[PDB]
Trainee: 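One structure, as structure tokens, below. Some questions next.
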Amino acid sequence: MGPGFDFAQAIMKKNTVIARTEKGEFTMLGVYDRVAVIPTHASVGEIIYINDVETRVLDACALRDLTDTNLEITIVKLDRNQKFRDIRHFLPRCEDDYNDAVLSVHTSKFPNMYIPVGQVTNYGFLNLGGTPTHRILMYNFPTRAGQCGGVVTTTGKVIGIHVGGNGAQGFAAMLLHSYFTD
């Protein structure tokens with residue numbers, strides 16, 4: 001409808017796949033090369049389904065900060081025959097607050113879904129499903145099951161991936177440029 005949704009759409013149309021694990025279907029953001037991200041609770045194994053194609057996982061790393069605290073981001077390298085458009089220059093370098101964010105989802109159930117979630121707070125610490133978690137972004141939208149892995153963007157920045165909610169608020173794990181330096 002506007003430049004927020006324009007940027008979100010441009011990311012969804014070239015940089016997302018549908019990832020299926022034994023724990024469900026997730027929006028998966030492709031970042032560069034054959035490297036993508038997914039919430040750690042997806043429990044990625046040796047094999048994953050990518051747009052319903054059986055795909056070997058070449059590496060999977062559940063990120064933690066240097067206090068050894070969960071970040072809820074898994075970095076996956078896929079044995080795929082095709083590279084993602086490199087979007088690393090749209091990643092923020094530092095932890096920050098944002099205005100006017102969009103949460104975008106693409107699954108079998110929720111195709112082409114875009115939610116204007118508005119103001120995003122650097123919340124920091126969250127007890128997420130019983131696990132102490134750092135670098136959490138918070139937005140005041142009643143997000144539901146099926147939105148995990150959803151991409152959070154502002155105009156010109158890809159700032160996080162949706163990892164949970166409490167019925168009133170939604171929570172995303174930060175994406176930082178330093179996760180994807182090669």
Side-chain angles (χ1 to χ4, degrees), residues 8 11-88 90-91 103-113 115 123 125-137 143-153 158-166 170-182:
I11 296 300
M12 297 305 291
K13 279 173 191 270
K14 290 283 167 178
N15 280 82
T16 65
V17 296
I18 300 178
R20 176 183 286 281
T21 72
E22 298 178 327
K23 312 256 149 99
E25 227 179 44
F26 298 85
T27 303
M28 164 174 273
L29 180 73
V31 183
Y32 74 105
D33 189 60
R34 294 167 296 167
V35 175
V37 287
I38 191 172
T40 298
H41 70 256
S43 307
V44 178
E46 308 264 283
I47 297 163
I48 192 166
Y49 271 47
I50 301 296
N51 296 335
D52 279 308
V53 178
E54 186 187 20
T55 304
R56 279 182 299 258
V57 170
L58 300 173
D59 187 53
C61 171
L63 296 184
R64 303 184 69 90
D65 69 15
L66 297 183
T67 71
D68 187 33
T69 306
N70 177 51
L71 288 170
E72 201 51 27
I73 302 281
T74 292
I75 303 175
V76 184
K77 194 158 171 185
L78 303 165
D79 199 359
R80 195 151 174 264
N81 72 356
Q82 176 180 178
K83 301 183 183 59
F84 301 112
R85 172 193 189 195
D86 187 345
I87 52 165
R88 284 179 289 184
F90 299 136
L91 299 175
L103 166 59
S104 46
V105 168
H106 192 89
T107 60
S108 303
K109 180 186 202 176
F110 295 155
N112 304 305
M113 165 177 303
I115 307 179
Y123 192 81
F125 171 88
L126 179 70
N127 199 326
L128 176 73
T131 301
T133 302
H134 287 163
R135 290 187 176 149
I136 290 293
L137 298 167
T143 62
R144 307 217 197 92
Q147 279 144 221
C148 288
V151 181
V152 190
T153 62
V158 178
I159 69 166
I161 63 161
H162 185 75
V163 294
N166 60 23
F171 299 106
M174 290 182 185
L175 295 172
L176 299 173
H177 183 99
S178 54
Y179 298 165
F180 302 102
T181 58
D182 53 352

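Atoms considered below: every heavy atom in the structure, side chains included; atoms not considered: hydrogens, waters and symmetry mates. Throughout, residue positions are numbered sequentially from 1 according to the sequence presented.
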Trainee: Is any side-chain heavy atom of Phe84 closer than 4.5 Å to one of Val35?
Mentor: no

Trainee: Donor-acceptor pair, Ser104 side chain versus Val151 backbone, under 3.5 Å?
Mentor: yes

Trainee: Are the side chains of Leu103 and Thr143 in contact, using a 4.5 Å heavy-atom criterion?
Mentor: yes

Trainee: With no hydrogens and no angle check, do the side chains of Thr133 and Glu72 hold a donor and an acceptor under 3.5 Å apart?
Mentor: no

Trainee: May I have the step-by-step check of side-chain contact (heavy atoms from CB on, under 4.5 Å) for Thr107 and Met113, ending in yes or no?
Mentor: CA-CA 9 Å; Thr107 60; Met113 165 177 303; over 6 Å; no

Trainee: Using modelled atom types and a 3.5 Å cut-off, is there a donor and acceptor pairing between side-chain atoms of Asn15 and backbone atoms of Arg85?
Mentor: yes

Trainee: Mind checking the CD1-CE spacing from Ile18 to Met28? Nearest 0.5 Å is all I need.
Mentor: 11.5 Å

Trainee: So do the side chains of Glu25 and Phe110 get within less than 4.5 Å of each other, counting heavy atoms only?
Mentor: no

Trainee: Output yes when a side-chain donor or acceptor of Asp79 lies under 3.5 Å from a complementary backbone atom of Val57, and no otherwise.
Mentor: no

Trainee: Between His162 (side chain) and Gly164 (backbone), is there a donor-acceptor pair under 3.5 Å?
Mentor: yes

Trainee: Counting distance only, does the side-chain N/O of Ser178 pair as donor-acceptor with the main-chain N or O of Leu176 below 3.5 Å?
Mentor: no

Trainee: Assess whether side-chain contact (heavy atoms from CB on, under 4.5 Å) is satisfied between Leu71 and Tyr179, documenting all intermediate values.
Mentor: CA-CA 11 Å; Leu71 288 170; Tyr179 298 165; 3.7 Å; yes

Trainee: Just so I know, are the side chains of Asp182 and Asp33 near enough to count as touching, which here means a heavy-atom distance under 4.5 Å?
Mentor: no

Trainee: Work out which heavy atom in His134 is nearest to a heavy atom in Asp65; give both atom names and the distance.
Mentor: ND1-OD2, 2.7 Å

Trainee: Ring of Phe180, cation from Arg88 - is the NZ or CZ under 6.0 Å from the centre and inside 45° of the axis?
Mentor: no

Trainee: Could you tell me whether a side-chain N or O of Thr21 sits under 3.5 Å from a main-chain N or O of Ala42, the two making a donor and an acceptor?
Mentor: yes

Trainee: Donor-acceptor pair, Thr27 side chain versus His106 backbone, under 3.5 Å?
Mentor: yes

Trainee: In the structure I gave you, are the side-chain heavy atoms of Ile75 and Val31 within less than 4.5 Å of one another anywhere?
Mentor: no

Trainee: Working to the nearest 0.5 Å, report the span between OG1 of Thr74 and NE2 of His41.
Mentor: 10.0 Å

